[PDB]
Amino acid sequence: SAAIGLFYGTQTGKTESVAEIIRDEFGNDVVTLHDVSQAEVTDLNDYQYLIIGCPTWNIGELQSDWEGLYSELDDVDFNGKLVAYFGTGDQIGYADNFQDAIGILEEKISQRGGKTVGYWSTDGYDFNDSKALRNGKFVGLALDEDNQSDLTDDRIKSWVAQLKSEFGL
């Protein structure tokens, strides 16, 4: 297996596009993409480094495929894993629930032993509240393809360099 498993869900394809750009930055032989619409929770056993990608849907909820797999996360352990998070979301239209999904996923995975890496500054976002907040930072990379698509590539580039260092790769 590759070093990093990137498990993403997507409804309108935006988080998947972001997943592909992250894979391109790390390299094809470093990151393997797993669409959680077809993944089994035991797939997570194949990796000591994880990237969890999830947009927030209506409203403050996990993307439907990730919602489906969320209950099964208790059937697997994350001891010794390093885990990063990214999501797409809409900070203008959903300012009270911006990036809730990655907050919800990290809460669970860290409770099951996964150590979170890749915290991200809230600088440059306009929102009211988020379940991804952790001591004034986002729990992971927050992208906004609806309102800030022109910032996405630079954000990913900066985050992956940061992440590579935190993973120790």
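So that there is no doubt, residue numbering starts at 1 and follows the sequence shown.
A.B. asks: Look up the CA B-factors in the entry and say which stretch, 94 to 102 or 71 to 79, has the higher mean.
C.D. replies: Here the higher of the two C-alpha B-factor means belongs to 71 to 79.
A.B. asks: Read off the CA B-factors in the entry, average them over 61 to 69 and over 46 to 54, and name the higher stretch.
C.D. replies: In the deposited entry, the stretch with the higher C-alpha B-factor mean is 61 to 69.
A.B. asks: Rank-wise, by C-alpha B-factor, drop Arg134 into the lowest, middle or highest third of its chain.
C.D. replies: Lowest third.
A.B. asks: Sorting by Cα B-factor within the chain, modelled residues only, which third would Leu163 end up in: lowest, middle or highest?
C.D. replies: CA B-factor rank for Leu163: middle third.
A.B. asks: Mind checking which third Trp120 falls in for C-alpha B-factor across the chain?
C.D. replies: Bottom third by C-alpha B-factor.
A.B. asks: Considering every modelled residue of the chain and its Cα B-factor in the PDB entry, is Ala2 in the lowest, middle or highest third?
C.D. replies: Tercile = highest for this residue's CA B-factor.
A.B. asks: Within this chain's modelled residues, let me know which third the CA B factor of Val41 belongs to: lowest, middle or highest.
C.D. replies: According to the entry, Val41 has a C-alpha B-factor in the chain's highest third.
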